[PDB]
file start_14.cif (mmCIF, N, CA and C atoms and all ligand atoms)
data_protein
loop_
_atom_site.label_atom_id
_atom_site.label_comp_id
_atom_site.auth_asym_id
_atom_site.auth_seq_id
_atom_site.Cartn_x
_atom_site.Cartn_y
_atom_site.Cartn_z
N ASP C 398 141.71 42.87 240.96
CA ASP C 398 141.31 41.76 240.11
C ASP C 398 139.79 41.63 240.13
N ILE C 399 139.16 41.76 238.96
CA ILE C 399 137.71 41.75 238.88
C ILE C 399 137.14 40.36 239.09
N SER C 400 137.98 39.32 239.09
CA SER C 400 137.49 37.97 239.32
C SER C 400 136.97 37.77 240.73
N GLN C 401 137.23 38.72 241.64
CA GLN C 401 136.79 38.58 243.01
C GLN C 401 135.40 39.18 243.23
N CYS C 402 135.09 40.26 242.53
CA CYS C 402 133.78 40.89 242.69
C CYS C 402 132.69 39.95 242.19
N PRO C 403 131.64 39.70 242.97
CA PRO C 403 130.63 38.73 242.56
C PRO C 403 129.82 39.21 241.37
N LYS C 404 129.46 38.26 240.52
CA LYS C 404 128.56 38.55 239.42
C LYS C 404 127.13 38.64 239.93
N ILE C 405 126.27 39.27 239.13
CA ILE C 405 124.90 39.52 239.57
C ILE C 405 124.19 38.19 239.80
N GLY C 406 123.54 38.07 240.95
CA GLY C 406 122.94 36.80 241.33
C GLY C 406 123.96 35.69 241.50
N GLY C 407 125.11 35.99 242.10
CA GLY C 407 126.18 35.03 242.24
C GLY C 407 126.97 35.26 243.51
N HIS C 408 128.04 34.50 243.65
CA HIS C 408 128.89 34.54 244.83
C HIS C 408 130.24 35.17 244.51
N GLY C 409 130.83 35.80 245.52
CA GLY C 409 132.12 36.43 245.36
C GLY C 409 132.83 36.50 246.70
N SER C 410 134.06 37.02 246.66
CA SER C 410 134.89 37.09 247.85
C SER C 410 135.14 38.50 248.36
N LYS C 411 134.90 39.52 247.55
CA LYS C 411 135.14 40.90 247.94
C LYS C 411 133.94 41.76 247.60
N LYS C 412 133.61 42.69 248.50
CA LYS C 412 132.61 43.70 248.19
C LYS C 412 133.15 44.64 247.12
N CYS C 413 132.29 45.01 246.18
CA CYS C 413 132.77 45.68 244.97
C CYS C 413 131.71 46.65 244.48
N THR C 414 132.12 47.88 244.18
CA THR C 414 131.22 48.90 243.67
C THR C 414 131.80 49.49 242.39
N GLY C 415 130.94 50.16 241.63
CA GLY C 415 131.37 50.69 240.36
C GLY C 415 130.37 51.67 239.78
N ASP C 416 130.52 51.90 238.47
CA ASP C 416 129.69 52.86 237.76
C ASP C 416 128.43 52.16 237.24
N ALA C 417 127.69 52.82 236.34
CA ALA C 417 126.42 52.29 235.87
C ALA C 417 126.59 50.96 235.14
N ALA C 418 127.59 50.88 234.25
CA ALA C 418 127.79 49.65 233.48
C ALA C 418 128.16 48.49 234.38
N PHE C 419 129.04 48.73 235.36
CA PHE C 419 129.42 47.67 236.28
C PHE C 419 128.23 47.20 237.10
N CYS C 420 127.41 48.14 237.59
CA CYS C 420 126.24 47.77 238.37
C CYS C 420 125.22 47.02 237.53
N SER C 421 125.14 47.32 236.24
CA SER C 421 124.26 46.56 235.36
C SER C 421 124.80 45.16 235.13
N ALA C 422 126.12 45.02 235.03
CA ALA C 422 126.71 43.71 234.76
C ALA C 422 126.94 42.92 236.04
N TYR C 423 127.64 43.50 237.01
CA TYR C 423 127.97 42.83 238.25
C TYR C 423 127.02 43.28 239.36
N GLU C 424 127.24 42.73 240.55
CA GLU C 424 126.41 43.04 241.71
C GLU C 424 127.13 44.10 242.54
N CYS C 425 126.57 45.31 242.57
CA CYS C 425 127.14 46.41 243.34
C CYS C 425 126.66 46.29 244.79
N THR C 426 127.60 46.41 245.72
CA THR C 426 127.31 46.16 247.12
C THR C 426 126.58 47.35 247.75
N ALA C 427 125.93 47.08 248.88
CA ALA C 427 125.30 48.10 249.70
C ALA C 427 126.09 48.40 250.97
N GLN C 428 127.19 47.69 251.20
CA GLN C 428 128.05 47.91 252.34
C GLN C 428 129.27 48.71 251.92
N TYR C 429 130.24 48.84 252.82
CA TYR C 429 131.50 49.48 252.48
C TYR C 429 132.25 48.63 251.46
N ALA C 430 132.64 49.25 250.35
CA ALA C 430 133.22 48.54 249.23
C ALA C 430 134.74 48.42 249.37
N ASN C 431 135.30 47.43 248.68
CA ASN C 431 136.74 47.19 248.70
C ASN C 431 137.46 47.72 247.47
N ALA C 432 136.76 47.90 246.35
CA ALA C 432 137.41 48.39 245.14
C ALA C 432 136.37 49.06 244.26
N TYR C 433 136.84 49.93 243.37
CA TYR C 433 135.98 50.67 242.46
C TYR C 433 136.23 50.18 241.04
N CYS C 434 135.18 49.74 240.36
CA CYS C 434 135.29 49.13 239.04
C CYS C 434 134.58 50.01 238.01
N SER C 435 135.35 50.76 237.24
CA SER C 435 134.80 51.58 236.17
C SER C 435 134.77 50.78 234.87
N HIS C 436 134.07 51.29 233.86
CA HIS C 436 133.99 50.64 232.56
C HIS C 436 135.12 51.17 231.70
N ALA C 437 135.66 50.31 230.84
CA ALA C 437 136.86 50.66 230.09
C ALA C 437 136.57 51.75 229.08
N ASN C 438 137.47 52.73 229.04
CA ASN C 438 137.40 53.87 228.13
C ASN C 438 136.98 53.46 226.73
N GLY C 439 137.75 52.58 226.09
CA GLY C 439 137.48 52.22 224.71
C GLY C 439 137.39 50.75 224.39
N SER C 440 137.40 49.87 225.39
CA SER C 440 137.52 48.45 225.12
C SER C 440 136.30 47.90 224.39
N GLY C 441 136.38 46.63 224.04
CA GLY C 441 135.30 45.98 223.33
C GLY C 441 135.83 44.83 222.50
N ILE C 442 135.15 44.59 221.38
CA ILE C 442 135.56 43.60 220.39
C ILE C 442 135.72 44.33 219.07
N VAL C 443 136.89 44.19 218.45
CA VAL C 443 137.19 44.86 217.20
C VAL C 443 137.06 43.86 216.06
N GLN C 444 136.34 44.24 215.02
CA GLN C 444 136.12 43.42 213.85
C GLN C 444 136.63 44.15 212.62
N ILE C 445 137.32 43.41 211.76
CA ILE C 445 137.94 43.95 210.55
C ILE C 445 137.17 43.45 209.34
N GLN C 446 137.00 44.33 208.36
CA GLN C 446 136.27 44.01 207.14
C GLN C 446 137.25 43.45 206.12
N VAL F 737 176.56 85.94 132.91
CA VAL F 737 177.01 85.94 131.52
C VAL F 737 176.10 85.00 130.74
N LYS F 738 175.70 85.43 129.54
CA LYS F 738 174.80 84.62 128.73
C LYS F 738 175.40 83.25 128.47
N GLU F 739 174.54 82.23 128.50
CA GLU F 739 174.93 80.82 128.44
C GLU F 739 175.74 80.39 129.66
N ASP F 740 175.68 81.16 130.74
CA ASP F 740 176.38 80.84 131.98
C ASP F 740 175.55 81.36 133.14
N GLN F 741 175.89 80.88 134.34
CA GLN F 741 175.26 81.32 135.60
C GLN F 741 173.77 81.00 135.52
N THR F 742 172.88 81.99 135.51
CA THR F 742 171.43 81.79 135.50
C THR F 742 171.00 80.90 136.67
N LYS F 743 171.22 81.42 137.87
CA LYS F 743 170.85 80.72 139.10
C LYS F 743 169.46 81.16 139.54
N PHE F 744 168.61 80.19 139.85
CA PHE F 744 167.21 80.45 140.17
C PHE F 744 166.95 80.10 141.63
N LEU F 745 166.43 81.07 142.38
CA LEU F 745 165.97 80.87 143.74
C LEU F 745 164.45 80.85 143.73
N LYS F 746 163.86 79.78 144.25
CA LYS F 746 162.41 79.61 144.19
C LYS F 746 161.83 79.58 145.59
N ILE F 747 160.65 80.18 145.74
CA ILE F 747 159.92 80.14 147.00
C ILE F 747 158.56 79.49 146.76
N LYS F 748 158.47 78.19 147.01
CA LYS F 748 157.22 77.45 146.88
C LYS F 748 156.31 77.80 148.05
N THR F 749 155.03 78.04 147.77
CA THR F 749 154.05 78.29 148.81
C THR F 749 153.32 76.98 149.09
N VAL F 750 153.73 76.28 150.14
CA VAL F 750 153.19 74.95 150.40
C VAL F 750 151.71 75.04 150.77
N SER F 751 151.41 75.73 151.87
CA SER F 751 150.03 75.84 152.33
C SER F 751 149.91 77.02 153.28
N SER F 752 148.68 77.50 153.42
CA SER F 752 148.34 78.55 154.38
C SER F 752 147.32 77.99 155.35
N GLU F 753 147.62 78.06 156.65
CA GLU F 753 146.77 77.50 157.68
C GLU F 753 146.46 78.55 158.73
N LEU F 754 145.28 78.42 159.34
CA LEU F 754 144.85 79.31 160.41
C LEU F 754 145.11 78.62 161.74
N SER F 755 146.35 78.72 162.21
CA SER F 755 146.77 78.03 163.42
C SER F 755 146.12 78.67 164.64
N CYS F 756 146.20 77.95 165.76
CA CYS F 756 145.61 78.38 167.02
C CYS F 756 146.67 78.92 167.96
N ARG F 757 146.33 79.98 168.68
CA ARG F 757 147.17 80.55 169.73
C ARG F 757 146.51 80.18 171.06
N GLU F 758 147.05 79.17 171.72
CA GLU F 758 146.45 78.67 172.95
C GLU F 758 146.64 79.66 174.09
N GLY F 759 145.65 79.70 174.98
CA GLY F 759 145.73 80.52 176.17
C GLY F 759 145.98 79.70 177.42
N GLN F 760 144.99 79.62 178.29
CA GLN F 760 145.11 78.79 179.48
C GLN F 760 144.91 77.32 179.13
N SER F 761 145.34 76.45 180.04
CA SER F 761 145.23 75.02 179.82
C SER F 761 145.29 74.30 181.16
N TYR F 762 144.80 73.06 181.16
CA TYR F 762 144.90 72.20 182.34
C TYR F 762 144.84 70.76 181.88
N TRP F 763 144.93 69.84 182.84
CA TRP F 763 144.90 68.42 182.56
C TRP F 763 143.84 67.74 183.42
N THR F 764 143.35 66.60 182.93
CA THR F 764 142.34 65.86 183.66
C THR F 764 142.40 64.40 183.26
N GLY F 765 141.76 63.56 184.07
CA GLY F 765 141.73 62.14 183.82
C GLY F 765 140.55 61.49 184.51
N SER F 766 140.65 60.18 184.70
CA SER F 766 139.60 59.39 185.34
C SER F 766 140.04 59.04 186.75
N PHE F 767 139.17 59.31 187.73
CA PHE F 767 139.48 59.08 189.13
C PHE F 767 138.36 58.29 189.79
N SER F 768 138.75 57.46 190.76
CA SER F 768 137.81 56.70 191.56
C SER F 768 138.22 56.78 193.03
N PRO F 769 137.26 56.84 193.95
CA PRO F 769 137.60 57.01 195.36
C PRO F 769 137.74 55.70 196.11
N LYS F 770 138.53 55.76 197.18
CA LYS F 770 138.67 54.67 198.14
C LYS F 770 138.51 55.25 199.54
N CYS F 771 137.73 54.57 200.37
CA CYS F 771 137.39 55.07 201.70
C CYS F 771 137.80 54.07 202.77
N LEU F 772 138.33 54.59 203.87
CA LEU F 772 138.63 53.83 205.07
C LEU F 772 137.73 54.33 206.19
N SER F 773 137.05 53.41 206.87
CA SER F 773 136.08 53.77 207.89
C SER F 773 136.48 53.19 209.23
N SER F 774 136.16 53.94 210.29
CA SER F 774 136.43 53.49 211.66
C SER F 774 135.33 54.02 212.55
N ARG F 775 134.59 53.12 213.20
CA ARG F 775 133.45 53.50 214.03
C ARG F 775 133.81 53.32 215.50
N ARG F 776 133.68 54.40 216.27
CA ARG F 776 133.96 54.37 217.70
C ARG F 776 132.77 54.88 218.49
N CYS F 777 132.58 54.31 219.68
CA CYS F 777 131.50 54.71 220.56
C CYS F 777 131.78 56.09 221.15
N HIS F 778 130.79 56.62 221.86
CA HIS F 778 130.91 57.97 222.41
C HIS F 778 131.99 58.02 223.48
N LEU F 779 132.62 59.19 223.60
CA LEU F 779 133.70 59.46 224.55
C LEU F 779 134.93 58.59 224.32
N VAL F 780 135.07 58.03 223.12
CA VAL F 780 136.24 57.23 222.76
C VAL F 780 137.02 58.00 221.70
N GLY F 781 138.28 58.28 221.99
CA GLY F 781 139.09 59.06 221.08
C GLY F 781 138.62 60.49 220.98
N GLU F 782 138.15 60.88 219.80
CA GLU F 782 137.58 62.20 219.57
C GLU F 782 136.11 62.10 219.20
N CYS F 783 135.41 61.13 219.79
CA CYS F 783 133.99 60.93 219.51
C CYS F 783 133.10 61.90 220.27
N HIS F 784 133.65 62.96 220.85
CA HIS F 784 132.82 64.02 221.39
C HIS F 784 132.02 64.66 220.27
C1 LIG C 801 138.54 57.53 227.66
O1 LIG C 801 139.49 56.96 226.73
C2 LIG C 801 139.66 57.66 225.50
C3 LIG C 801 140.58 56.82 224.65
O2 LIG C 801 139.93 55.64 224.20
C4 LIG C 801 140.23 59.04 225.81
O3 LIG C 801 140.46 59.75 224.60
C5 LIG C 801 139.23 59.78 226.68
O4 LIG C 801 139.76 61.05 227.03
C6 LIG C 801 138.93 59.00 227.97
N1 LIG C 801 137.89 59.66 228.73
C7 LIG C 801 138.03 60.02 230.01
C8 LIG C 801 139.35 59.69 230.65
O5 LIG C 801 137.14 60.59 230.63
#

call {"tool": "encode", "arguments": {"input": "start_14.cif", "output": "structure tokens"}}
result
Amino acid sequence: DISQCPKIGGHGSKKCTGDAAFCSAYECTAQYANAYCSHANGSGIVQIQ
Amino acid sequence: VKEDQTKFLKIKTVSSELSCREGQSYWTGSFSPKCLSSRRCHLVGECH
């Protein structure tokens, strides 16, 4: 559950590491991590014309 | 027999025309295009 990994400049309950996008968005830890958070293959916001 | 029979067959020439002998042929009309677009980021689907 990504709700546990702390946001950048914020508080959280679990140490959390990830890829470039996650580290840009969330706070990537410098200690031993508890979970790996990759960025979604194709997710986003879809808009229809 | 005189004063009898005397049947007449007539061939009227109505008109003479220079008709056309067609060769190849095809058909055509008016067409307009419609497009469907879908934009995906890199490494999504077949966006390689
Ligand atoms: C990421 O997801 C897309 C589907 O959106 C898939 O086609 C692609 O192979 C995936 N890339 C990976 C798993 O590296």

call {"tool": "interface_residues", "arguments": {"input": "start_14.cif", "of": "chain C", "to": "chain F", "cutoff": "8 Å", "atoms": "only N, CA and C atoms", "output": "MDAnalysis selection string"}}
result
chainID C and resid 438:440

call {"tool": "residues_around", "arguments": {"input": "start_14.cif", "residues": "residue 429 (chain C)", "least_positions_apart": "3", "cutoff": "7 Å", "atoms": "all atoms listed in the file", "output": "list in words"}}
result
residues 412, 413, 426 and 432 of chain C

call {"tool": "atom_distance", "arguments": {"input": "start_14.cif", "atom1": "atom C of residue 423 (chain C)", "atom2": "atom N of residue 441 (chain C)"}}
result
18.3 Å

call {"tool": "residues_around", "arguments": {"input": "start_14.cif", "residues": "residue 404 (chain C)", "least_positions_apart": "4", "cutoff": "7 Å", "atoms": "all atoms listed in the file", "output": "PyMOL selection string"}}
result
chain C and resi 408-409+422-424

call {"tool": "atom_distance", "arguments": {"input": "start_14.cif", "atom1": "atom C of residue 419 (chain C)", "atom2": "atom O3 of ligand LIG 801 (chain C)"}}
result
21.5 Å

call {"tool": "select_by_dssp", "arguments": {"input": "start_14.cif", "residues": "chain C", "states": "strand (DSSP E)", "output": "NGL selection string"}}
result
:C and (414-415 or 433-434)

call {"tool": "select_by_dssp", "arguments": {"input": "start_14.cif", "residues": "chain C", "states": "helix (DSSP H, G or I)", "output": "number ranges by chain"}}
result
C: 417-422
